[PDB]
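**Student:** After the structure tokens below, expect a handful of questions from me.
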Ligand SMILES: *[C@@H]1O[C@H](CO)[C@@H](O[C@@H]2O[C@H](CO)[C@@H](O[C@@H]3O[C@H](CO[C@H]4O[C@H](CO)[C@@H](O)[C@H](O)[C@@H]4O)[C@@H](O)[C@H](O[C@H]4O[C@H](CO)[C@@H](O)[C@H](O)[C@@H]4O)[C@@H]3O)[C@H](O)[C@H]2NC(C)=O)[C@H](O)[C@H]1NC(C)=O
Ligand SMILES: *[C@@H]1O[C@H](CO)[C@@H](O[C@@H]2O[C@H](CO)[C@@H](O[C@@H]3O[C@H](CO[C@H]4O[C@H](CO)[C@@H](O)[C@H](O)[C@@H]4O)[C@@H](O)[C@H](O[C@H]4O[C@H](CO)[C@@H](O)[C@H](O)[C@@H]4O)[C@@H]3O)[C@H](O)[C@H]2NC(C)=O)[C@H](O)[C@H]1NC(C)=O
Ligand SMILES: *[C@@H]1O[C@H](CO)[C@@H](O[C@@H]2O[C@H](CO)[C@@H](O[C@@H]3O[C@H](CO)[C@@H](O)[C@H](O)[C@@H]3O)[C@H](O)[C@H]2NC(C)=O)[C@H](O)[C@H]1NC(C)=O
Ligand SMILES: [Ca+2]
Ligand SMILES: [Cu+]
Ligand SMILES: [Zn+2]
């Protein structure tokens, strides 16, 4: 279970289409006149690429054979749970490369990423491997790394070079990582399976390492235009697909397979919705021999390199209805806005819907699908308002047959064919009319009729885990683009067996600049068909109707009844190209057996959602996408009939905001939600520790289910703003009609919201203890989120949220809002003249919670301790962020529980995930969209061990006098005395000033878990601090009050009751600081203090390695000699800090500076110091005055711990009883440590502990 891999970063030439340039393996030396050149050319081009390649051995002589199909893709690495991977990378390239694995565990020596991690330079070799050199890596695959019960037998992850994502990805450094549960060795029937990693990578050769612009290749495994070789699957079997998206900007890919459906998680999906670091395991099953096009389907034919062939080949060894429809393609005049709702117009509405100089406006002639009653087509079946434009609803359960008698009646040859059903032959015959490869592209003529037999089979239908019905569609296919654009579209449900089937919602941009009838419309509808323009980009874009069903800017109003439990069948077929993030106001539909709140839809995609109309009111169905919705895509919902109360006091207030100064400061006016204490919005409930991380985000508003939520919201701020969530449930008040729920807080006004929390606002029994929902202003959805109004609304479950904290407390919880603020769109944008004197790209910030560039504070988490992450993205389509917890994996839950390593955040979606932190240290949260990352979208978190409490040296004098500092001194009662247990005379700090403080500079950032506190006696009175508060700072003039564990304005700590006693307050969101400062607030007679500071370094390596705690068996301790006589035995074994009794320490058989004491940790350890002691014996005292230190990995090679030049000589031990620490400040690794005493007193005699932690 130690899997060894020998990757190397190799450069090669690549033209993308020519397979077998990968004969690197073999000097394929071309002779004639040659048409290449590792730069460009023309007759085929040839690009500089650096990819991952495998090797036979640890000496990189012979490269592996790589398959036809892998292309650029690195070697796939596989591991079961509990194995260990040990990769050796050898860089053989122009540029440097790292190896950063996703979805396994590693040790920071192995993380292959570099950032401000407080990491020894040895643990930073991994971070960048230079040309030549090597680096072994080692990955862990722990139990929390592996798949769940519901997961595939083997999770699809990846690994890449992580030195310059934009460069590294765009140049070919990306391979597959397969983390399977234990049983990567079961005899799969290796006729099916086959299994093919499917990199869906866009490469921007105009910004790979090699480049300067140039072009950007949408590829599959690095091949363009159907050229990928080798994708063969066996016939009546099934093939798995480990799918990895890649790209260094946004962009999504809607991936299809001509005759086929994908099964993922456990759902029948038609396309694969993928986008930068999306990871899937899809499986498909092959019933039809032949060759089928795998391809991305985005209208933008540029999206049109993602096209590869799959060949499938023989290998070796009650009663179902028949539904009948008479349907006609036939032309009509179509009105996009037949409902008098004009007035609203300082907003676009005019442009798309007016007549004159060069606008058709709103009445375009189109062709539709129209249902008739019989073969005569002289009479129409029942139309129905609300589904306008879209053809007749075509239902069909698994097993049924649909007879689509089709008659044309138009002015071009059309056609009708369903995407969804595999088995669609002609009726009666099984053979096609002419040289017709496929019924799909075969047209229907004059007014001919064709008779089709669509048969719905099982493999078309749902899958237990998805809904009773699933949403498809039909359309003419003689010319998909312009036919659909002319309006040939209609809905097709496909369902399961044992006010009926209800609303169909079609999100459709009809580009009337492509509709066959563009010309016909121009003649009839223009002032002078003379004014041609056609590419006058206003006229052109004036016929790009952003439609819902067939209506726009709110003409589709649709009535439901209060508590009508209604299904919604939802499609995105149009020009479109980008995903849609669809929402209903005030409402919450059920998606994957989970209540969500926005529903993201890729092009040519359809989903079923299901909701109960519990919110009386007028609502808008719509788009959430910024600048659609503006362009018409709206629609209306008109409903109408036919234990605690957790009160939060919240206001929208303005501030300045730099999203982070540090490292490189313009400041920006924003407006944000903050919590206040009183109705009298005057006590602003300042936050810290538990909420420092909130950033630009509103406060956590938390309810359980069935209690009530009450937000009093007061608008400060210049503009009017709103508190909306979509959990906000208005009651069946105000009759007379449906009413748009007011909302809208005018400045200074103070509106109040109250609503009970329904089981449907809360976790399914299969979700986590606590669900997250967003809330924001909605007076201008787009403009005033960018301004800054946004927050998390946790809805906890059952009896989970409790205490007097109103919070889980069982689990550490954080909220992360990823988005790219455009201060050009933020209201206060003109007030941000204040700069000095033409592109905006410095007015945009890629900011987690409003901090950019590892600047977001507040992320500290205990060692082993569940952590729940609410992840939100918002905004423009660009915001498809791909969030990674480096070195960690988490679990997402929707009806079942799946392990993941990168969550693919789509705007408007608010997922909740839980992880446990394996490894202590400082770790990174990225967005692996490389552009986003390098624009700052990153931060870090700290996981600490709760078991690394140690005295920071305050009593022990390790803290030198000069670091203690106060403010007044009484006299001779100096702060250099504040040292716990100090004795005599004057023996503490003391000040007669009321307002005072004492301050300790630890000299570097540290983790503090507590403070032990005394105070002395002066003759017969007792002096002590009975009540203090703690301030801390990171730089030294950035103090913040330790509002520890929220509690109130601040944490007031209880000091002492007397001289003697120690009071051991603890910091339970521990303090990360280097200056801590204690402010006496109540003292007896005099503020007076001896104190000790409990704490730890940042990486939690301060605890002993088990010398005193016999955890280092006497066999691991060994020395060069050891004096023994008859009554003595000063054997190494005994050289343990504080050991007592006879012969209690190590003594070399003779004293000389060549002797040494040695410790074999067995494993590699991170030694960060050495405490060291001497001994009293035979009432004659011996100890080691000076020493130096050697270290080793093998036990036969050695290096002395140099420092600042010339071999460190450590102080250590002036007496035979006092232990003395000696931190190693370029901290040692190695498994071997030797102590070399140089100068002593009477006799060399050593007792010690070693300080550090485990490594490797
Ligand atoms: C995979 O798919 C198809 C094959 O089915 C090919 O797609 C087209 O290939 C042709 C060449 O065979 C391209 O035509 C020429 O492209 C030149 C490069 O400019 C491109 O790059 C920029 C980068 O931003 C694009 O924005 C731009 O639109 C171009 O696509 C042009 O210089 C050529 O311009 C012509 O018109 C100008 C204007 O007067 C003249 O000055 C020129 O001399 C020339 O006559 C020309 O357009 C075509 O662009 C490709 N289409 C697309 C969508 O890229 C792929 O090449 C094929 N193979 C791959 C991808 O490797
Ligand atoms: C405000 O300050 C308080 C204290 O001042 C903090 O409260 C406790 O803080 C820590 C974590 O920050 C917790 O203390 C202990 O947690 C340990 C976790 O180990 C258990 O965790 C797993 C979860 O996977 C359990 O399944 C398993 O039992 C592990 O042992 C344990 O040492 C203790 O947990 C268990 O102890 C007994 C078992 O005999 C049970 O009865 C307990 O209910 C619990 O299951 C121990 O609890 C603790 O979780 C915090 N809460 C407490 C003590 O109520 C706050 O966290 C802090 N507020 C913040 C940070 O917001
Ligand atoms: C809000 O508006 C007022 C100024 O118009 C300022 O606070 C308010 O100051 C007035 C001064 O007398 C106080 O009287 C009250 O005014 C409110 C209008 O907000 C009115 O409804 C009451 O009946 C009463 O006459 C008032 O106490 C005080 N407002 C509050 C809420 O205490 C202030 O400049 C403005 N800004 C904010 C943030 O309140
Ligand atoms: Ca590292
Ligand atoms: Cu991102
Ligand atoms: Zn694409």
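Each position is counted from 1, following the chain as shown.
Just so you know, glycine gets a Cβ as well, placed from its N, Cα and C.
This is the feature table in Swiss-Prot:
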DOMAIN    321-495  domain 'Plastocyanin-like 3'
DISULFID  469-495  disulfide bond
CARBOHYD  513  N-linked glycosylation site
DISULFID  561-642  disulfide bond
DOMAIN    948-1096  domain 'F5/8 type C 1'
DISULFID  948-1096  disulfide bond
CARBOHYD  1045  N-linked glycosylation site
DOMAIN    1101-1253  domain 'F5/8 type C 2'
DISULFID  1101-1253  disulfide bond
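In terms of burial and nearby residues, how do these features look in this structure?
**Tutor:** The Cβ neighbour count for residue 495 (disulfide bond), using a 10 Å radius and every protein chain shown, is 19.
Long-range Cβ neighbours of residue 513 (N-linked glycosylation site) (same chain, at least 6 residues apart, Cβ-Cβ under 8 Å): 534, 540, 543, 544.
When other Cβ atoms within 10 Å of the Cβ of residue 561 (disulfide bond) are tallied across all protein chains shown, the result is 13.
In the shown protein chains, 23 other C-beta atoms lie within 10 A of the C-beta of residue 1096 (disulfide bond).
DSSP gives residue 1045 (N-linked glycosylation site) a coil state; it is part of no helix or strand. If you take the C-beta of residue 1045 (N-linked glycosylation site) and look for same-chain residues 6 or more apart in sequence within under 8 angstroms, you find 689, 690, 1051, 1068, 1069.
Counting Cβ atoms from all protein chains shown, residue 1253 (disulfide bond) has 20 others lying within 10 Å of its own Cβ.
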**Student:** For residue 948 (disulfide bond), what residues in its own chain, 6 or more apart in sequence, show a Cβ-Cβ distance under 8 Å?
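**Tutor:** Looking at Cβ-Cβ distances below 8 Å from residue 948 (disulfide bond), excluding near sequence neighbours, one finds 920, 1007, 1009, 1096, 1100, 1101, 1102, 1103.
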**Student:** Counting across all protein chains present, how many other Cβ atoms fall within 10 Å of the Cβ of residue 642 (disulfide bond)?
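**Tutor:** Residue 642 (disulfide bond): 9 neighbouring Cβ atoms within 10 Å.
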**Student:** Whole-number Å distance between the CA of residue 469 (disulfide bond) and the CA of residue 642 (disulfide bond)?
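**Tutor:** Between the Cα atoms of residue 469 (disulfide bond) and residue 642 (disulfide bond), the distance comes to 27 Å.
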**Student:** Pick the one among the disulfide-bonded residues 469, 1101 whose Cβ has the fewest other Cβ atoms within 10 Å in this structure.
**Tutor:** 469
**Student:** For residue 1101 (disulfide bond), name the DSSP secondary structure in the helix/strand/coil scheme.
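**Tutor:** In three-state terms, residue 1101 (disulfide bond) counts as coil.
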**Student:** Filter the recorded positions 495, 513, 642, 1045, 1096, 1101 down to those with CB closer than 6 A to an atom of ligand 2; keep them in sequence order.
**Tutor:** 1045
**Student:** Please report the distance from the Cα of residue 561 (disulfide bond) to the Cα of residue 1253 (disulfide bond), rounded to the nearest angstrom.
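**Tutor:** About 65 Å separates the two Cα atoms.
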**Student:** From the DSSP assignment alone, can you count helix, strand and coil residues within the domain 'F5/8 type C 1' (948-1096)?
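**Tutor:** DSSP classes over the domain 'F5/8 type C 1' (948-1096) add up to 6 helix, 73 strand, 70 coil.
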**Student:** Determine, to the nearest whole angstrom, how far the Cα atom of residue 642 (disulfide bond) is from the Cα atom of residue 1253 (disulfide bond).
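**Tutor:** The separation of the Cα atoms works out to 69 Å.
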**Student:** Pop the Cα-Cα gap between residue 495 (disulfide bond) and residue 1253 (disulfide bond) into the table, whole Å please.
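**Tutor:** Checking the Cα atoms of residue 1253 (disulfide bond) and residue 495 (disulfide bond) gives a distance of 59 Å.
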